[PDB]
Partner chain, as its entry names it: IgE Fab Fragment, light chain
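Next up is one chain by itself, shown in structure tokens, the form deposited without its partner chain.
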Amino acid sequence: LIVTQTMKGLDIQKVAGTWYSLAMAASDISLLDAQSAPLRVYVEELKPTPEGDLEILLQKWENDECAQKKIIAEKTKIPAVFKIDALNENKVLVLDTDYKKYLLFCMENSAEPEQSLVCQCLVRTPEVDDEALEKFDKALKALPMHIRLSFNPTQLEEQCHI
């Protein structure tokens, strides 16, 4: 609930389709540190269910393979906040989006916020959009982020960004 910015009037239907994790940022270095870091995940596609929920198709370097995982985000009373699937009463907050280009969101742990806050900047195409990165940074200002990763076109087209 630290993320003071959330989007008003979110139409979860419109955010459906393919996305690229262009930039990542986290409050703790160890969260995004190595390629095998716990929260180093790459979004592939967002699939909203008619029941209001949101399926998230993502990738992660687990063993030595780029594994494809599927997380399901259940909707809450607030249309911009979601509860992800784990003991960890974790929330997925959508900060802003114009639906056609970018989408800014932040995963957070309700128990340990400042120790577990990861945000991302998703874009529709594998192009480095400066205007989306600008908005991402502005939303990051008041947040205690200590690591910020950014990716290039070539990395965006390969699995697990290699």
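Numbering follows the first chain given and starts at 1.
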Practice task
With reference to the PDB entry, specify whether the mean Cα temperature factor is higher for 59-67 or for 29-37.
Solution key: 59-67
Handout entry: Per the entry, higher mean C-alpha B factor between 97-105 and 133-141
Key = 133-141
Practice task
Sorting the chain's modelled residues by C-alpha B-factor, tell me whether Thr125 ends up in the lowest, middle or highest third.
Solution key: middle
Practice task
Could you look up the Cα B-factor of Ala73 in the entry and say which third of the chain it sits in: lowest, middle or highest?
Solution key: middle
Handout entry: Third of the chain, ranked by Cα B-factor, where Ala111 sits
Key = highest
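The following text describes the form solved in complex with its partner chain, which does not appear among the structures shown.
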Exercise for the section: Would you check, heavy atoms only and a 4.5 Å threshold, whether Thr97 touches its partner chain in the entry with it bound? Expected result: no
Handout entry: Partner contact for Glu65 in the entry with it bound: its partner chain, 4.5 angstroms, heavy atom
Key = yes
Handout entry: Contact test in the entry with it bound: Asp53 vs its partner chain, heavy atoms, 4.5 Å
Key = no
Handout entry: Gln5: touches its partner chain in the entry with it bound, heavy atom cutoff 4.5 angstroms
Key = no
Practice task
Scan 21-56 and write down, in order along the chain, each residue with a heavy atom lying within 4.5 Å of its partner chain in the entry with it bound.
Solution key: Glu45, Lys47, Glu55
